[PDB]
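What follows is one structure encoded as structure tokens, with my remarks underneath.
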Amino acid sequence: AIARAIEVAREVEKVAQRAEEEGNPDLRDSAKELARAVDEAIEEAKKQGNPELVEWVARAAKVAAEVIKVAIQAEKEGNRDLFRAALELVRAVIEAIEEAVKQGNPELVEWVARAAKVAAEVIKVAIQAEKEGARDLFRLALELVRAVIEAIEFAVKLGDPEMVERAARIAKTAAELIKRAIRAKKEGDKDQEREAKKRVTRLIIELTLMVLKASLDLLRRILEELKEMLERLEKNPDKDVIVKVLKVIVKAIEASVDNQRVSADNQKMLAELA
Amino acid sequence: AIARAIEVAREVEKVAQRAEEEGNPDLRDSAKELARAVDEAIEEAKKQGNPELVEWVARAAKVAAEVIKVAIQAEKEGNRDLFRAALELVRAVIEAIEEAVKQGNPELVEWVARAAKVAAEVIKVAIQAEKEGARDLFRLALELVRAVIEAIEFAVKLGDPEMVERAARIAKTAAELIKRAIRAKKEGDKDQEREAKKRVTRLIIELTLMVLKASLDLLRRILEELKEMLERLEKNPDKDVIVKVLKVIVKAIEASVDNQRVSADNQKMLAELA
Amino acid sequence: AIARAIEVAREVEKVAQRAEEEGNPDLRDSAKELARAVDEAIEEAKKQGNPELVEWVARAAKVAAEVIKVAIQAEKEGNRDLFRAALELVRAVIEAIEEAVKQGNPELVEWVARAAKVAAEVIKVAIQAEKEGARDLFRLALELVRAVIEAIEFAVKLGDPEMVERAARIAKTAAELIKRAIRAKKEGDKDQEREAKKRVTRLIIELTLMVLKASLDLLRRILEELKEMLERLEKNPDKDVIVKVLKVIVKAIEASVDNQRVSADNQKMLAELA
């Protein structure tokens, strides 16, 4: 199809950007996984049948190619922390697209592509905080991109596209508030700049709260899976059944550690807010 | 006794309110469980012997009957979220009374009846926020009733009547501050209204903090029960002993998930406060 | 050596202070464990060989002797809560020194001695809040010492001396801000006093956040130890292997309960801040 042709062209551009950074192998490592994931995504999409799913994978991969170009720029100039944030966004989009396509959602991959483009804009706003001296605003943008990454990863687990949409609209609203805070910082008026930056911190907290409740909903589902295996264990206390229960117990620990990790970062945002 | 007679009369009023809402079966489902629980409570009380316990179950059941009348009103008018909050309070009082009577506490059921009447007043204040346009104040009242429900449920687990008393005095003090915030909103003076609403949010946080520490005290007791079964396991690594340990491990997970659930809701109150 | 001689003299002073409080047995219980721990520490240090480790154990034990003298003073005068805070600091320094010496760190014991002396200064500032009427400032100092105790205990687990140094510099900066808040409270100017006390609360939160992330790093290491034993269990689902996995699962629960305990106390600091 015509949409499949612009994907091959997008794939060709990705191959060029993958071969462009022959000097840095670490980014080229994740740059090749994006070529592998998209190839798997397109072949998995044509197996599924939905052509709408084939189009939204392209737009997200088109955004991921530009984020890779930011990862190349992040080495020579900008913070090295920005490079890791660019790579974290790349691997997050790769894993989010794969699982969302394996789930067979034509709408979840859409908002994943929508949120990835919005998160790409926030990274661009972070660069204005580097040229125009604003390391504090540079953190807010990196903290916001971090909150979007956690929102996308957990919403793909839930398979809820509405959560990705609501996380993208709050992120896009916060990005324009950082742009207004940058235009403020340029034009003085720090009574407006400080109120805009606290509005952004409020929106970063509003995102991490939705991520915390989503991780809590996953912790409930694992709890029910653990309850049904206990009621199974009371019937047949076998040797292999206990091994499976131990595996599910550790799976619940992984989700609780991530839930305590989000609340640990969300609690620092409140200390910055107040 | 004379006190037992006003309980039968209170039981007759409950039967009438249970039969009044013949149209809605879902509320009638929980309305009949209250008739079953009180009957069990009165028969359990006369088996225990203490007549003071028989009186405080009546006053709480008299309050629960009026909350049911609010649940009937909450369908045709008011928020549907208010109906679920009314039902949540009913099932919470039912389970709190049962466990507190099975524990044999003549003082815990008292403050449970005291806190249930105070929580009923807060629901009444929420209705003033519906007529007098105040959806923000409507949340604060529903958030406050939610904090009282968690405070009563965990304090009945601890069997601590002093915690219920202190949660009821903070809730009654906060309710009068919402009334003052409503009388403020009526008479302008939003410098006083905004300070009264933030005083309420501070008290809602002060309650959820006491609920979080109480759930943490329960998490310690389960930890000691898990330690004593490990030291038992080192003596006899049997097949059935491991099954009991797995059950206690999941019981600790249920308490930790609830503790992370309270802190997740308590953290949103801080975002609203600051 | 000459340094070993001032340790024997310091040990003699500790024996005198241990025998001075013959009336109170509970403090004498922990006072004798300090004599046992230092004796073990000096003998363990001469076995290790490093003479620098022998010197820093003395300075921390010299500070711990003065904290014991505060524990004696805390009975007849001052809050009884201050006595428990003094004992908590003593047992924390005892266990921190022991583990840090068994780990063989000549630099971790240094900053443990540095942080113990800084924490001793904060306790002295708490006494000024008792004479000069300031129970609110008395809590801030006791809350700050509590945050230092948690910071030292978890950093000794990590074996990270840089964390102890950064926790000591924030604690010393906060202590001078409480001194400035006390000199403010004396000389009126509550616009400066209230801003200094909120600066201290911000620094107390900044410490507990570093303690929360450190406890989260320990929770990751236990997670990897639990993953490697699962992959071991898939190879050999034995009887004794499951027992060891159950022990590691409970070890992870102990770390998660402590992590939820720190966040529970850190969340009350935000309610006091905002």
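We did not get these values from a lab; they are worked out from the coordinates using the rules stated. Heads up, the Cβs are rebuilt from the backbone with ideal geometry, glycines too, and the neighbour counts pull from every protein chain shown.
Below are the figures for this structure:
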| read-out | value |
| --- | --- |
| Cα→Cβ-extended label distance, 7 Å offset, between A:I2 and B:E43, nm | 7.7 |
| Neighbouring partner chain Cβ atoms per residue of A:258-264, average, 10 Å criterion | 6 |
| Net dipole in debye of the protein assembly as shown [+1 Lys, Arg Cβ; -1 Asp, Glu Cβ; about Cα centre; nearest 20] | 1760 |
| Chain A: DSSP helices with Cα axial extent of at least 20 Å and average Kyte-Doolittle hydropathy no lower than 0.0 | A:51-76, A:80-102, A:108-131, A:135-158, A:239-273 |
| Rounded Å value of the spacing that divides the Cα centres of segment B:2-26 and segment A:1-68 | 67 |
| Averaged over B:239-252, number of beta-carbon atoms from partner chains that fall within 10 Å | 5 |
| Geometric extent, Cα atoms of segment B:127-274 - Rg, Dmax (angstrom) | 20.5, 72 |
| Pair-distance profile P(r), taking every C-alpha pair of segment C:1-67, with 10 angstrom steps and integer % | 21, 53, 22, 4 |
| P(r), alpha carbons of chain A - 10 Å bins starting at zero, rounded % | 7, 26, 30, 23, 11, 3, 1, 0 |
| Label zone at A:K244, where the point sits 7 Å out along the Cα-to-Cβ direction: segment C:240-274 residues whose backbone N lies under 19 Å | C:242 |
| Size of charge dipole - chain B - debye, nearest 20, with Cβ of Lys, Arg +1 and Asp, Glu -1, no other charges | 660 |
| A from B by rotation - nearest chain B beta carbon to the axis, in Å | B:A274, 2 |
| Helical mean residue ellipticity (222 nm; -39500 (n - 2.57) per DSSP H run of 4+; nearest 500) of the protein assembly as shown | -32500 deg cm²/dmol |
| Selected from A:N24, A:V257, B:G78, residue furthest toward positive end of dipole (the protein assembly as shown; charges at beta carbon) | B:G78 |
| Assigned charges on the beta-carbon of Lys, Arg, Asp, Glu; segment A:46-115 dipole about Cα centre (debye) | 180 |
| Binned Cα-Cα distance frequencies in segment C:126-187 - 5 Å width, integer % | 4, 18, 25, 19, 14, 10, 7, 3, 0 |
| Chain A: most fluctuating residue of A:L158, A:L89, A:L207 per GNM, C-alpha cutoff 10 Å | A:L158 |
| Summed side-chain charge close to A:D265 - residues other than A:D265 whose Cβ falls under 10 Å, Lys, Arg +1, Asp, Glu -1 | +2 |
| For the protein assembly as shown, Kirkwood radius (reciprocal of mean inverse C-alpha pair distance, Å) | 30.5 |
| Separation of alpha-carbon centers, segment C:253-269 and segment B:143-207, rounded to whole Å | 24 |
| Cα-derived Rg to Rh of segment A:183-259, Kirkwood definition | 1.42 |
| Averaged over A:196-203, number of beta-carbon atoms from partner chains that fall within 10 Å | 1 |
| Neighbour net charge for A:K185 - beta-carbon separation under 11 angstrom, K R +1, D E -1 | +2 |
| More than 25 angstrom apart: percent of Cα pairs within segment C:48-156 | 22 |
| Two-decimal Rg/Rh across segment C:220-274, once Rg and the Kirkwood Rh are taken from alpha-carbon atoms | 1.27 |
| Chain B: most fluctuating residue of B:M163, B:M210, B:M229 per GNM, C-alpha cutoff 10 Å | B:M229 |
| Net charge of Cβ neighbours under 13 Å - reference C:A74; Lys, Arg +1; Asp, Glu -1 | -3 |
| A:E13 versus C:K198: modelled label distance in nm, points set 7 Å from Cα along the beta carbon direction | 4.9 |
| Listed residue (A:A92, A:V118, C:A175) projecting farthest to the positive dipole end of the protein assembly as shown, Cβ model | C:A175 |
